[PDB]
Amino acid sequence: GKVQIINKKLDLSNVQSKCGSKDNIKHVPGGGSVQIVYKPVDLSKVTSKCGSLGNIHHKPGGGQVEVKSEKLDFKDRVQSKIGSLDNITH
Amino acid sequence: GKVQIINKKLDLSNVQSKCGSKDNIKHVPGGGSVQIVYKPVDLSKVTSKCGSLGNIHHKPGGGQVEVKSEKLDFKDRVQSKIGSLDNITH
Amino acid sequence: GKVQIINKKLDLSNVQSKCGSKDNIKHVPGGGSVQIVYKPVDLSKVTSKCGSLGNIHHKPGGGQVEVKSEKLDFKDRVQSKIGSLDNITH
Amino acid sequence: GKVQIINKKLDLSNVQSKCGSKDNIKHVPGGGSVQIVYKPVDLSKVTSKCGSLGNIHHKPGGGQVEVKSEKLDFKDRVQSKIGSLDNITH
Amino acid sequence: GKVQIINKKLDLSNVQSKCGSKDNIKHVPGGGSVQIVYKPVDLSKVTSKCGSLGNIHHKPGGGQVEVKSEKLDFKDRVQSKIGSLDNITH
């Protein structure tokens, strides 16, 4: 007889989204009208290791039947609108 | 028989959204109308190790029936409106 | 027989959203109307180890029936409105 | 028989979207009406190790039936409108 | 028999979209109406290791039936409109 199944996994990984940002609005000496709309919609999403992982089945036997159905269904919708922006000097 | 199964998993891993950020608004000496709408919607989502993981089934049957349905549904809907902004100087 | 199953899992992981942030509003000496609308909606969500994990089943049966349905449903809806902002100087 | 299966996997991997960004608006001393609409919709999505991974099956059966369906559906919809912006000087 | 299967994989990899960026609006001293609509839609998507990977099956059967369906559908739809912008001087 004898059967021998060995799985060795080392995961060191680095998964990132928007990790390091610098954002500035500086120095406005003007004396006229200044209008700024700075990033209306700023999203980030991260999915990792979602589904079916690392499972073990030990199932010896002659006449067995099996029916699996896996579905993953990811749906985003982002909707935006910028209207009347009025900026007037003298 | 003498069946042997080994699963050695070592995990060192970094998963991140928006981890480091420096943000500034500075130095307004103008005397002129200043309007700023800063990042209106800012959403960060992280999902990890969802659904089925690290499960052991030891199940020896000669005539065994197994049915499994596994469905993952992930929906995000975002809606932003910036309809009327008025800026006036003098 | 002597069937043997071993599953050694070690987890060290950093999972994070918006973990370090420096945020500042400074130095307004103008004498002219200043309006600032900072982030009206700011959301951070983290999910980990959801559904089924680390579960052990020992179930030897010659003629056994098993049915399983597993649904994880994650729905998020965000709605933001910035209808009227007015800034006036002199 | 004496069947042997070995799976040694080592992963060091960096996955990133928009990791470092320096963004600035600076030095407006003009005295003339200034309007700026900065990046209105800004989305970053990262997905890794989704669906089925690292699963071990030991299943010796003389006359066995196995049926599987696996469906991955990822639909993203983005809709942006910037209808009326007015900048007027003197 | 003495079947031996060995699968050693070492992964060192960088996968990135928009990793480093310096972006600036600077020095507006004109005194004449200035209008700027910066990148209206800006999207980054990274997907890795989706579907089936790293799965071990030991399944010796004399008369065995196996049926498998695997479908990956990735649909993205993007729509941008910029209808009426007015800049007036004197």
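Participant: So what's going on with the UniProt feature "disulfide bond" in chain A? Which residues, and what values?
Facilitator: Only sulfur pairs under 2.5 Å apart are read as disulfides, and the UniProt pair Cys19 of chain A and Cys50 of chain A, at 20 Å, is not one of them here. With respect to the helices, strands and loops of the structure, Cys19 of chain A is situated in the loop between strand 2 (14-17) and strand 3 (22-25).

Participant: Lay out the sheet that holds strand 4 (residues 41-48) of chain B in plain terms, naming residues and giving numbers.
Facilitator: Taking strand neighbours across the sheet as the criterion, the 5 strands line up as 4(C)-4(B)-5(A)-4(D)-4(E) in an open arrangement whose pairing is parallel. Pairing within the sheet leaves two strands with one partner each, and these edge strands are strand 4 (41-48) of chain C together with strand 4 (41-48) of chain E. Across the sheet, the mean angle from the axis of one strand to that of its neighbour is 0 degrees, orientation sign disregarded.

Participant: How would you sum up the sheet that holds strand 5 (residues 51-53) of chain D? Please name residues and give values.
Facilitator: One open sheet accounts for 5 strands, arranged 5(C)-5(B)-6(A)-5(D)-5(E); its pairing is parallel. Sheet topology places strand 5 (52-53) of chain C together with strand 5 (52-53) of chain E at the edges, where each strand pairs with a single neighbour. The pairing of strand 6 (residues 51-53) of chain A with strand 5 of chain D spans 3 bridges and is parallel. Across the sheet, residue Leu53 of chain A finds its bridge partner in strand 5 of chain D, namely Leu53 of chain D.

Participant: Account for the arrangement of the chains, naming residues and giving values.
Facilitator: The two units chain C and chain D are non-contacting; their minimal C-alpha-C-alpha distance is 11 Å. Contact between chain C and chain E is absent, and the least distance between their C-alpha atoms amounts to 15 Å.

Participant: For the interface of chain B and chain A, give the residues involved together with the corresponding values.
Facilitator: Facing 90 residues of chain B, the contacting portion of chain A comprises 90 residues. Counting the surface lost from both chain B and chain A, the interface buries some 7,800 Å², and carbon and sulfur atoms represent 48% of this. Our enumeration of links across chain B and chain A arrives at 5 salt bridges. Between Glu66 of chain B and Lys59 of chain A there is a salt bridge, with its nearest N and O atoms 2.7 Å apart. At the junction of chain B and chain A, the tally comes to 94 residue pairs in polar contact. Of all the secondary structure elements, the ones that give two or more residues to the side of chain B that touches chain A are strand 1 (3-17), strand 2 (20-25), strand 3 (34-37), strand 4, strand 5 (51-53), strand 6 (56-58) and strand 7 (65-89) of chain B.

Quick notes on the rules
- Residues numbered from 1 in each chain as written, not as in the entry; some residues may be left out.
- Chains lettered and ligands numbered in written order.
- Heavy atoms only, no water.
- Disulfide = S-S within 2.5 Å.
- UniProt positions renumbered as here; feature names shortened; annotations may be inferred.
- Helix = DSSP H or I, 4+ residues; strand = E, 2+ residues; numbered from the N terminus.
- Pairing = 2+ DSSP bridges.
- Axes fitted to C-alpha atoms, helices over the stretch in contact; angles between N-to-C directions.
- Contact = heavy atoms within 4.5 Å.
- Buried area = accessible area lost by both parts, 1.4 Å probe.
- Salt bridge = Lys/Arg side-chain N within 4 Å of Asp/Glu carboxyl O.
- Polar contact = N/O pair within 3.5 Å; in protein donor to acceptor, adjacent residues only side chain to side chain.

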